[PDB]
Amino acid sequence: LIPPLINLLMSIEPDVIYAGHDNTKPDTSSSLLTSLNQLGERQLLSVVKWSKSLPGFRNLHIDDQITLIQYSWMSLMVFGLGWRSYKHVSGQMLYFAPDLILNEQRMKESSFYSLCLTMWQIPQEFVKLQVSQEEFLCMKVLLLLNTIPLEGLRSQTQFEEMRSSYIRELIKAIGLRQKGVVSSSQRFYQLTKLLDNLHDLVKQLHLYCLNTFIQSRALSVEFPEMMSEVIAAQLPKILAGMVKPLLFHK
């Protein structure tokens, strides 16, 4: 059977979110970026709601909660994207939403082809490692907890306890399918290494995002209120390396 905390995590996963994109009109650079931002605003709102039901999280100081959402949002959404593309279209298309799915041909014509390719690494890797939903749900929580300020958080003790709690839960998640100490131990390394590597992938998306933000009026891309808030609140500090990424390995 499934360990209780893992079962809870599945019950609090967000519902399907639509882009609201008008697919009865040809893709333009403007229209895609507008749709992706509208969709992202909605996904981040659902991440915030999610976090209010995530055990441990509401007991961190409110300022730590805000900071962790502001540090981790891009990671959470690209990781979510990865999981949907894996589960719904065998990882061979980018499943942003049910009404916004890019096959490779549509990616090629997007104007951010290589960004699509960067993002496409995750679901291909999911296919490769055959990640289970139980492993995914634990890893996703660890991403939320994967960077802290250089001075630490106000609720550092509680945070350490929460992060350790979810690391122990991933170790239980691995034990469900994988049998053998050797196999389980190596799988713990693989999954935690994947999380480590996401720091580098996310940095590329952060730089693309901030560049597009700066040039938004010339490019005619709308940046929503919360999106603009999180960008202005932490993105340059993050890109500058003025935060502490938490690595599982050397």
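We call the rigid core whatever largest set of C-alpha positions still superposes within 1.5 Å between the two forms. A residue's number is simply how far along the shown sequence it sits, counting from 1.
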* To do: Find the stretch among 96-104 and 130-138 with the larger RMS C-alpha deviation in 8 other deposited structures of this protein, all structures being superposed on the shown form by the rigid core.
  => 96-104
* **Stretch departing more from the displayed form, 46-54 or 206-214, Cα RMS in 8 other deposited structures of this protein (core fit)** => 206-214
* Third-or-more of other entries without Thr24 -> yes
* To do: Between 30-38 and 179-187, name whichever shows the higher mean Cα B factor according to the PDB entry.
  => 179-187
* Higher-scoring stretch by recorded Cα B factor average, 61-69 or 218-226 -> 218-226
* Among the chain's modelled residues, which third holds the C-alpha B-factor of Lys140? -> lowest
* What third of its chain's C-alpha B-factors does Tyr166 belong to: lowest, middle or highest? -> lowest
* Tell me, lowest, middle or highest third: where does the Cα B factor of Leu117 rank within its chain? => highest
* To do: Give the position of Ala19 by CA B-factor within its chain, expressed as the lowest, middle or highest third.
  => highest
* To do: Just say lowest, middle or highest third for the CA B-factor of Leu81 relative to the other modelled residues in its chain.
  => lowest
